[PDB]
Amino acid sequence: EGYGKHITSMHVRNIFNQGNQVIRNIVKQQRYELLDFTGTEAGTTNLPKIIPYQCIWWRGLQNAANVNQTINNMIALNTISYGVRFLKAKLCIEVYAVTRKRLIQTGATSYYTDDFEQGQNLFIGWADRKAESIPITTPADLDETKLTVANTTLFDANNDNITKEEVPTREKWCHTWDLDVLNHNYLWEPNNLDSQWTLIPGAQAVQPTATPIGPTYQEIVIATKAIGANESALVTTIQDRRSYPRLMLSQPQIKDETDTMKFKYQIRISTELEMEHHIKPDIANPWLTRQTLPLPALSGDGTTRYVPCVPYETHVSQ
Amino acid sequence: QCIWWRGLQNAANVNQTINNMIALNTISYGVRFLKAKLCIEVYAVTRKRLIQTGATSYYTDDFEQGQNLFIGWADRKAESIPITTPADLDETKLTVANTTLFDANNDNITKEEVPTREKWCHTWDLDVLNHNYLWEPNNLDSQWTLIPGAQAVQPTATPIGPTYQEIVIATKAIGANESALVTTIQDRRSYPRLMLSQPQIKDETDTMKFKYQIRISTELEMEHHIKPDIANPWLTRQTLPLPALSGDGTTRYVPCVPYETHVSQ
Amino acid sequence: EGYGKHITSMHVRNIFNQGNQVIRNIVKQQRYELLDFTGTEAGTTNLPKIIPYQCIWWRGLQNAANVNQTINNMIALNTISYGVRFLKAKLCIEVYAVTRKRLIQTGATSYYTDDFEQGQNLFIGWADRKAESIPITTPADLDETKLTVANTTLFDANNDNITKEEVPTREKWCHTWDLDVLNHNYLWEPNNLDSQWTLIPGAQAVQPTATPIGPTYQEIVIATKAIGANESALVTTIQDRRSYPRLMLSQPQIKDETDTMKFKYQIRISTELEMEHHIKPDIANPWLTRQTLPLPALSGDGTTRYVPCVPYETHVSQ
Amino acid sequence: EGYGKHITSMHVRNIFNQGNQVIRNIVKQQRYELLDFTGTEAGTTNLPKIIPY
């Protein structure tokens, strides 16, 4: 019997983490953006701007100049994390200015100036009644300022199918998503979010045939992770649907002499992505990946790839 | 993790309970394992003592009581078990090279101590199946068979198949015609490998070598759901086979995944 | 006035972290060690074993084979952390075996065998009445199993100055330190703990003259951090003393025919170091280092360097 | 003294059944039978039918 202090008969002691530890990092990207409908080229056209939130735009991947520590935090944690969990996504669009290019038309003279239209708002279209995919050619292609789709508008004089919120000059527009869809102790394979054809959590059961996302868009996931030349693992979970219709920023369709009015906006668009890295255990366990499954990503050799963006789910009584 | 619960490593340990099962698995359309009780009763702890004088090396075996038996779980590691044959899974001769419960750098094993006269009882719940599903009746005569529970891991050379999934999908033939679609949900199960060992103690020229005498009791509670009073070959639609390492491989590695990482909600 | 949902008049919004975020990592190293008094060489001698906790031995730096994720977690976080805080240190020594080399002496025959002495304990000396420095030549030199100092013992037949706890075979010995000494919102400059002449938090006002630790051993710290070719910062904080006497593992001094008895022990020594990384802010601020100050480290060109290990502080009534 | 979980000092343990276990089976036979008094042969005669229980 030892007489020392803080001495006790040992119990079962293994101090290693058992793989359960969590650190919530928030990948937050904040940008003062020019939203320009006055140009005829490079997405400056009146065509509405798409916010490709269904993608990994939440990182600011379209411009490497917007990389901050939160990304460099994630890039670091995704080295030590066996799986990651996205428990929120917070998009906030703060309008500041509303400017439009005024035209005084005298013969061919066409005087130009830019004036403040405050009293007209910014239109946030959801495209929640339609099935409209977003093309993604490159990371720069998903910049919400230059991202457009031809023959698309928030205003259809025949059937206007879009819910369009108005964001005045000094108001702000904040929308929040819950990306935590995974259950049954499953996690997302840690990604540094460096590929745009990657897609956010949630199951849009739709996928292109040329660019299959794979089982990760299902309510019921089935896949085989290799994890090694030998030990390949069977990932099977249940997953809730998610719609994720495309946000469409636009100006009104107002008609002026010879054409529509062309506005331009100045916004500070804040994106907070709450993501909880479950850090690797204190002892190597390559097989934790059995409960991790990859982020949905558009596959194939296709250069330009169309994210589904399914508008809505139809609820059914019971 | 295997069917060692039957004593398949030695046909001399066959008793009525096996011959009960072998009989019931004839009349049962499906079987359910609702418990597994492993109990290791130590009796003796003996070690080979060495008195080293020059090269003389006197040997004797003495009682070390006061040192215990170490039950390692290997619950922090992913460590597969090789199975060559039924005799290969005898817990007494079953070993893996360069494996120990003691790593002077990172000691990753939870190791319980079982003294001489103490006993060590651990219990598993093999009832994982739900949705009125059952396990295809097996006489438990193949060691590459594996117990219920879903370790989502399987070797690529020896696929267990859907029976390790939380979500099972398979097609049972049941006939040249009527093939059935078995789909159920299943909970994960870890089932890390128990590792019996002595301490690593270092003696002159080598470690100390103990030897133990244990009475290892295995109770496997298994509920046979007997065939109906009228032939219904299609009951197998809700029965699905036991997980078994497939392939032509002679030596096959059971996954033995250590643990599941729980996630708050 | 915009009519949308989740729209509001903006307030002051900057979502960046303001530098305040914390993730507690635990650097935990667990080792089953041979503690051998039976040898005549390489620290196997009867000389007591020193646990160099005053150093960064908490990482297992003496052997790169003991590197685990917790280190590889820290190594990663110390990239994204502007400062780190050590809020506990937990040392736990679990004895398992007590073995000794028995000698049957007949003429010159000298039969040898190793038997179990259970009923004799393991002695944890604190050296709390003495000032005894620890030599550090290399990282391997601080291995607690081979670390010894000549003419040192826990047993002095004249003045026995050491508090020595007994750890039996199956008992365990757990001691805990509080390394949080820093106050005034100061932190420790993030270190990957890869240098052994680094030393743990706490102020032993003593430092060698050949290897000055510097102001980081003071109750009152003063230093100038360069942080740049220009902007050098003035770090000044108040700090509590810390004694940190050296742990000395030993067997009893028992005398046998011709010499003392030589035991050997088998222990599982668990080290949990709770350390809270304060992660870099979401925006680069090189000047956060004004409130970070480096870990105390033995300086100089000296190969072998002596950590002070002051035994105790003398309290004074008021 | 072992420190593990679910460890205890052994008592007398022999897990064998001691011969006492019981499973009730029901031997049930269900038949739609022709009971024929109209024939002159092979028990079809008016003679009563015996149920040889």
# chains A, B, ... in the order shown; residues from 1 in each chain; ligands from 1

call {"tool": "interface_residues", "arguments": {"of": "chain D", "to": "chain A", "cutoff": "9 Å", "atoms": "only C-alpha atoms", "output": "VMD selection string"}}
result
chain D and resid 2 to 5

call {"tool": "write_last_selection", "arguments": {"atoms": "C-alpha atoms", "output": "mmCIF file, in the first residue's frame"}}
result
data_model
loop_
_atom_site.group_PDB
_atom_site.id
_atom_site.type_symbol
_atom_site.label_atom_id
_atom_site.label_comp_id
_atom_site.auth_asym_id
_atom_site.auth_seq_id
_atom_site.Cartn_x
_atom_site.Cartn_y
_atom_site.Cartn_z
ATOM 1 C CA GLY D 2 -8.057 -6.634 -11.442
ATOM 2 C CA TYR D 3 -9.367 -3.227 -12.432
ATOM 3 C CA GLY D 4 -11.364 -4.199 -15.509
ATOM 4 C CA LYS D 5 -15.054 -3.798 -16.221
#

call {"tool": "residues_around", "arguments": {"residues": "segment 26-42 of chain D", "least_positions_apart": "5", "cutoff": "12 Å", "atoms": "only C-alpha atoms", "output": "ChimeraX atom specification"}}
result
/B:226,228-230 /D:47-51

call {"tool": "interface_residues", "arguments": {"of": "chain A", "to": "chain C", "cutoff": "6 Å", "atoms": "only C-alpha atoms", "output": "list in words"}}
result
residues 2, 3, 4, 6, 7, 8, 9, 10, 69, 70, 165, 166, 167, 168, 171, 172, 173, 174 and 282 of chain A

call {"tool": "interface_residues", "arguments": {"of": "chain B", "to": "chain D", "cutoff": "9 Å", "atoms": "only C-alpha atoms", "output": "PDB file with N, CA and C atoms, in the first residue's frame"}}
result
ATOM      1  N   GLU B  41     -12.879 -17.304 -17.138  1.00  0.00           N
ATOM      2  CA  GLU B  41     -12.574 -17.560 -15.743  1.00  0.00           C
ATOM      3  C   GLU B  41     -11.128 -18.001 -15.681  1.00  0.00           C
ATOM      4  N   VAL B  42     -10.279 -17.153 -15.117  1.00  0.00           N
ATOM      5  CA  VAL B  42      -8.904 -17.544 -14.888  1.00  0.00           C
ATOM      6  C   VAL B  42      -8.864 -18.463 -13.683  1.00  0.00           C
ATOM      7  N   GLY B  66      -0.769 -12.520  -8.202  1.00  0.00           N
ATOM      8  CA  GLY B  66      -0.308 -11.162  -8.019  1.00  0.00           C
ATOM      9  C   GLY B  66      -0.006 -10.459  -9.322  1.00  0.00           C
ATOM     10  N   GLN B  67       0.107 -11.196 -10.423  1.00  0.00           N
ATOM     11  CA  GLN B  67       0.026 -10.636 -11.761  1.00  0.00           C
ATOM     12  C   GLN B  67      -1.198 -11.209 -12.449  1.00  0.00           C
ATOM     13  N   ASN B  68      -1.811 -10.401 -13.287  1.00  0.00           N
ATOM     14  CA  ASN B  68      -3.144 -10.660 -13.780  1.00  0.00           C
ATOM     15  C   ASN B  68      -3.088 -11.089 -15.238  1.00  0.00           C
ATOM     16  N   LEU B  69      -4.262 -11.359 -15.789  1.00  0.00           N
ATOM     17  CA  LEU B  69      -4.427 -11.619 -17.207  1.00  0.00           C
ATOM     18  C   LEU B  69      -4.977 -10.373 -17.874  1.00  0.00           C
ATOM     19  N   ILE B  71      -6.812  -8.404 -20.773  1.00  0.00           N
ATOM     20  CA  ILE B  71      -7.792  -8.514 -21.840  1.00  0.00           C
ATOM     21  C   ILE B  71      -7.690  -7.226 -22.642  1.00  0.00           C
ATOM     22  N   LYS B 111      -6.846  -2.390 -21.772  1.00  0.00           N
ATOM     23  CA  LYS B 111      -6.484  -3.722 -21.325  1.00  0.00           C
ATOM     24  C   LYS B 111      -6.948  -3.905 -19.893  1.00  0.00           C
ATOM     25  N   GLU B 112      -7.942  -4.762 -19.717  1.00  0.00           N
ATOM     26  CA  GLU B 112      -8.440  -5.112 -18.404  1.00  0.00           C
ATOM     27  C   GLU B 112      -7.576  -6.200 -17.793  1.00  0.00           C
ATOM     28  N   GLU B 113      -7.526  -6.228 -16.469  1.00  0.00           N
ATOM     29  CA  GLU B 113      -6.760  -7.230 -15.748  1.00  0.00           C
ATOM     30  C   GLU B 113      -7.692  -8.248 -15.125  1.00  0.00           C
ATOM     31  N   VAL B 114      -7.446  -9.513 -15.424  1.00  0.00           N
ATOM     32  CA  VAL B 114      -8.197 -10.602 -14.823  1.00  0.00           C
ATOM     33  C   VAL B 114      -7.230 -11.381 -13.943  1.00  0.00           C
ATOM     34  N   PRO B 115      -7.338 -11.261 -12.629  1.00  0.00           N
ATOM     35  CA  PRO B 115      -6.464 -12.018 -11.740  1.00  0.00           C
ATOM     36  C   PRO B 115      -6.680 -13.511 -11.884  1.00  0.00           C
ATOM     37  N   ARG B 117      -8.188 -15.810  -9.752  1.00  0.00           N
ATOM     38  CA  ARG B 117      -9.472 -16.381  -9.396  1.00  0.00           C
ATOM     39  C   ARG B 117     -10.644 -15.512  -9.795  1.00  0.00           C
ATOM     40  N   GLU B 118     -10.394 -14.332 -10.340  1.00  0.00           N
ATOM     41  CA  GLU B 118     -11.481 -13.512 -10.825  1.00  0.00           C
ATOM     42  C   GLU B 118     -12.032 -14.121 -12.109  1.00  0.00           C
ATOM     43  N   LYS B 119     -13.063 -13.492 -12.654  1.00  0.00           N
ATOM     44  CA  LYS B 119     -13.644 -13.903 -13.918  1.00  0.00           C
ATOM     45  C   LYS B 119     -13.963 -12.652 -14.711  1.00  0.00           C
ATOM     46  N   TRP B 120     -13.999 -12.799 -16.025  1.00  0.00           N
ATOM     47  CA  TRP B 120     -14.245 -11.683 -16.917  1.00  0.00           C
ATOM     48  C   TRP B 120     -15.375 -12.040 -17.858  1.00  0.00           C
ATOM     49  N   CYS B 121     -16.490 -11.341 -17.720  1.00  0.00           N
ATOM     50  CA  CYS B 121     -17.690 -11.624 -18.481  1.00  0.00           C
ATOM     51  C   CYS B 121     -18.044 -10.419 -19.328  1.00  0.00           C
ATOM     52  N   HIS B 122     -18.130 -10.626 -20.635  1.00  0.00           N
ATOM     53  CA  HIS B 122     -18.565  -9.583 -21.542  1.00  0.00           C
ATOM     54  C   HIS B 122     -19.728 -10.098 -22.364  1.00  0.00           C
ATOM     55  N   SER B 217     -16.111 -19.571 -20.955  1.00  0.00           N
ATOM     56  CA  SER B 217     -17.499 -19.931 -21.175  1.00  0.00           C
ATOM     57  C   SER B 217     -18.098 -19.010 -22.223  1.00  0.00           C
ATOM     58  N   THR B 218     -18.746 -19.598 -23.220  1.00  0.00           N
ATOM     59  CA  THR B 218     -19.404 -18.849 -24.283  1.00  0.00           C
ATOM     60  C   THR B 218     -20.855 -19.285 -24.332  1.00  0.00           C
ATOM     61  N   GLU B 219     -21.767 -18.370 -24.037  1.00  0.00           N
ATOM     62  CA  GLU B 219     -23.193 -18.605 -24.199  1.00  0.00           C
ATOM     63  C   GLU B 219     -23.698 -17.716 -25.321  1.00  0.00           C
ATOM     64  N   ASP B 229     -46.186 -24.358 -40.216  1.00  0.00           N
ATOM     65  CA  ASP B 229     -46.815 -25.655 -40.356  1.00  0.00           C
ATOM     66  C   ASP B 229     -47.131 -25.995 -41.802  1.00  0.00           C
TER      67      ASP B 229
END

call {"tool": "interface_residues", "arguments": {"of": "chain B", "to": "chain C", "cutoff": "7 Å", "atoms": "only C-alpha atoms", "output": "compact mmCIF listing (two decimals) with N, CA, C and O atoms, in the first residue's frame"}}
result
# COMPACT_ATOMS: atom_id res chain seq x y z
N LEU B 50 13.62 -18.38 -14.89
CA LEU B 50 14.95 -18.65 -15.41
C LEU B 50 15.98 -18.16 -14.40
O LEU B 50 16.01 -16.97 -14.07
N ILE B 51 16.81 -19.07 -13.92
CA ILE B 51 17.99 -18.72 -13.14
C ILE B 51 19.18 -18.84 -14.08
O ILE B 51 19.58 -19.95 -14.46
N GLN B 52 19.76 -17.70 -14.45
CA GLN B 52 20.77 -17.65 -15.49
C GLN B 52 22.14 -17.56 -14.83
O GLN B 52 22.47 -16.54 -14.21
N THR B 53 22.92 -18.62 -14.97
CA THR B 53 24.29 -18.67 -14.48
C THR B 53 25.17 -19.09 -15.64
O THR B 53 25.11 -20.25 -16.08
N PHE B 102 1.19 -3.86 -25.60
CA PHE B 102 2.09 -2.90 -24.98
C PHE B 102 2.97 -2.29 -26.06
O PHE B 102 3.83 -2.96 -26.63
N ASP B 103 2.77 -1.00 -26.30
CA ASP B 103 3.57 -0.25 -27.26
C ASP B 103 4.21 0.88 -26.49
O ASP B 103 3.52 1.78 -26.00
N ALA B 104 5.54 0.84 -26.37
CA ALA B 104 6.24 1.80 -25.54
C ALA B 104 6.11 3.22 -26.06
O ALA B 104 6.54 4.16 -25.37
N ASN B 105 5.54 3.41 -27.24
CA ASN B 105 5.39 4.73 -27.84
C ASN B 105 3.96 5.22 -27.71
O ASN B 105 3.71 6.17 -26.96
N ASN B 106 3.02 4.63 -28.41
CA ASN B 106 1.60 4.92 -28.26
C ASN B 106 0.90 3.64 -27.84
O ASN B 106 0.76 2.72 -28.66
N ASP B 107 0.43 3.58 -26.60
CA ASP B 107 -0.28 2.40 -26.13
C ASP B 107 -1.76 2.67 -26.35
O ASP B 107 -2.39 3.44 -25.63
N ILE B 201 6.73 -7.84 -19.37
CA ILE B 201 7.83 -7.65 -18.44
C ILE B 201 9.12 -8.18 -19.03
O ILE B 201 9.16 -9.25 -19.64
N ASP B 203 12.80 -9.66 -18.59
CA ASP B 203 13.68 -10.43 -17.74
C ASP B 203 15.05 -10.45 -18.41
O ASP B 203 15.24 -9.91 -19.50
N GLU B 204 16.02 -11.06 -17.75
CA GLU B 204 17.34 -11.21 -18.35
C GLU B 204 17.21 -11.90 -19.70
O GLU B 204 16.62 -12.98 -19.81

call {"tool": "decode", "arguments": {"residues": "segment 188-207 of chain C", "atoms": "N, CA and C atoms", "output": "JSON list (two decimals), in the first residue's frame"}}
result
[["chain", "number", "residue", "atom", "x", "y", "z"],
["C", 188, "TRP", "N", 1.03, 32.38, -24.95],
["C", 188, "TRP", "CA", 2.35, 31.87, -25.30],
["C", 188, "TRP", "C", 2.47, 31.80, -26.81],
["C", 189, "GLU", "N", 3.57, 32.29, -27.32],
["C", 189, "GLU", "CA", 3.82, 32.22, -28.74],
["C", 189, "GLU", "C", 3.69, 30.77, -29.19],
["C", 190, "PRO", "N", 2.89, 30.47, -30.20],
["C", 190, "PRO", "CA", 2.63, 29.08, -30.54],
["C", 190, "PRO", "C", 3.92, 28.36, -30.92],
["C", 191, "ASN", "N", 4.13, 27.22, -30.29],
["C", 191, "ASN", "CA", 5.30, 26.40, -30.55],
["C", 191, "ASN", "C", 4.83, 25.00, -30.88],
["C", 192, "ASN", "N", 5.53, 24.37, -31.82],
["C", 192, "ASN", "CA", 5.24, 22.99, -32.15],
["C", 192, "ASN", "C", 5.88, 22.03, -31.16],
["C", 193, "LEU", "N", 6.58, 22.57, -30.16],
["C", 193, "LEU", "CA", 7.13, 21.77, -29.07],
["C", 193, "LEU", "C", 8.17, 20.78, -29.57],
["C", 194, "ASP", "N", 8.91, 21.18, -30.59],
["C", 194, "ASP", "CA", 9.90, 20.32, -31.23],
["C", 194, "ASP", "C", 11.30, 20.51, -30.68],
["C", 195, "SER", "N", 11.49, 21.42, -29.74],
["C", 195, "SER", "CA", 12.78, 21.67, -29.12],
["C", 195, "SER", "C", 12.68, 21.39, -27.63],
["C", 196, "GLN", "N", 13.63, 20.62, -27.12],
["C", 196, "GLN", "CA", 13.61, 20.21, -25.72],
["C", 196, "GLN", "C", 14.13, 21.30, -24.80],
["C", 197, "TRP", "N", 15.07, 22.12, -25.25],
["C", 197, "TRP", "CA", 15.48, 23.22, -24.41],
["C", 197, "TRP", "C", 14.37, 24.23, -24.22],
["C", 198, "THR", "N", 13.26, 24.07, -24.92],
["C", 198, "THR", "CA", 12.04, 24.75, -24.55],
["C", 198, "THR", "C", 11.59, 24.26, -23.17],
["C", 199, "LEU", "N", 10.87, 25.12, -22.47],
["C", 199, "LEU", "CA", 10.42, 24.82, -21.13],
["C", 199, "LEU", "C", 8.98, 25.23, -20.96],
["C", 200, "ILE", "N", 8.33, 24.61, -19.99],
["C", 200, "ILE", "CA", 6.90, 24.75, -19.82],
["C", 200, "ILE", "C", 6.59, 26.10, -19.20],
["C", 201, "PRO", "N", 5.33, 26.53, -19.22],
["C", 201, "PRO", "CA", 4.96, 27.78, -18.58],
["C", 201, "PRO", "C", 5.20, 27.72, -17.08],
["C", 202, "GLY", "N", 5.14, 28.88, -16.49],
["C", 202, "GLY", "CA", 5.50, 29.07, -15.10],
["C", 202, "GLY", "C", 6.84, 29.75, -14.99],
["C", 203, "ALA", "N", 7.00, 30.54, -13.94],
["C", 203, "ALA", "CA", 8.18, 31.36, -13.77],
["C", 203, "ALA", "C", 9.01, 30.80, -12.63],
["C", 204, "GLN", "N", 10.12, 30.19, -12.98],
["C", 204, "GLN", "CA", 11.21, 29.96, -12.05],
["C", 204, "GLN", "C", 12.16, 31.12, -12.25],
["C", 205, "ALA", "N", 12.21, 32.02, -11.28],
["C", 205, "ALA", "CA", 13.00, 33.22, -11.46],
["C", 205, "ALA", "C", 14.47, 32.91, -11.68],
["C", 206, "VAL", "N", 14.88, 31.68, -11.48],
["C", 206, "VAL", "CA", 16.25, 31.24, -11.67],
["C", 206, "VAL", "C", 16.47, 30.90, -13.13],
["C", 207, "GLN", "N", 17.63, 31.28, -13.65],
["C", 207, "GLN", "CA", 18.05, 30.87, -14.98],
["C", 207, "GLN", "C", 19.56, 30.74, -14.97]]
